[PDB]
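> Experimental coordinates follow, after the sequence.
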Amino acid sequence: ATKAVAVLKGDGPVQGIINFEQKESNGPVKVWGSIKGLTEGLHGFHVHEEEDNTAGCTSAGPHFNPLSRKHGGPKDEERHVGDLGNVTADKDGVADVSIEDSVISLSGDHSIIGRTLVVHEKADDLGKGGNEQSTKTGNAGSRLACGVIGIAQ
Ligand SMILES: [Zn+2]
């Protein structure tokens, strides 16, 4: 209890707010967020490193790769320990950032709090290996909006 915010803006013509809350620390986070301005259709939804950069992105590459994680969507068994998967945007570019993972947290350390959430150009791969960058990171396509997570109580 106590919410983190990620105001996602980055650089693309997108604007949104993640509201991260959970009962516990060691328990499943209830992600809800109301992102808009995306292009239509599927959009990868990944949390890259990028802590104390400036405010938003400046800096990050992979989906918080500790050494050699593999990609996977929600449905997959695996994932980088900074990807959830994707969302779908309607037409006002409005996505529905409703996720409930059981691996991450919003406490600290292995939590994703502090990290830069990113909304991406294409769908993520889901862990099929459409190509290869697929498994290596997730082949989301380019970064659009982003922001450091944690900015509430
Ligand atoms: Zn990934």
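Nice, thanks for sending it over. Residues are numbered from 1 along each chain as shown.

> From the ion, how far out is the closest residue in space to residue 76 that isn't next to it in sequence?
In this structure, residue 76 finds its nearest non-sequential neighbour in residue 127, 3.9 Å apart by Cβ to Cβ, 6 or more residues apart in numbering. Bear in mind the C-beta positions are built from the backbone N, C-alpha and C, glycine included. Computed as Cβ to the ion, to the nearest Å, the residue 127 to the ion distance reads 8 Å.

> Residue 127: what's it in contact with?
By Cβ atoms under 8 Å, 6 or more residues apart in numbering, the contact set of residue 127 is 70-73, 75-76, 78-79, 134-135.

> Look up phi and psi at it.
With angles defined as degrees, to the nearest 10, residue 127 sits at phi 100, psi 30.

> Around the ion, pick out the residues from the chain.
Proximity of the chain to the ion is confined to 63, 71, 80, 83, 137-138 under the rule Cβ under 5 Å from the ion.

> now, which of the contacts of residue 127 lie within helices?
Members of these lying in helices (criterion: DSSP state H): 134-135.

> Please identify which helix or strand holds the residue positioned nearest the centre of the chain.
Using Cα atoms, centre = their mean, the residue of the chain that lies closest to the mean C-alpha position is residue 46, 3.0 Å off. For residue 46, the host element (DSSP states H and E) is strand 41-48.
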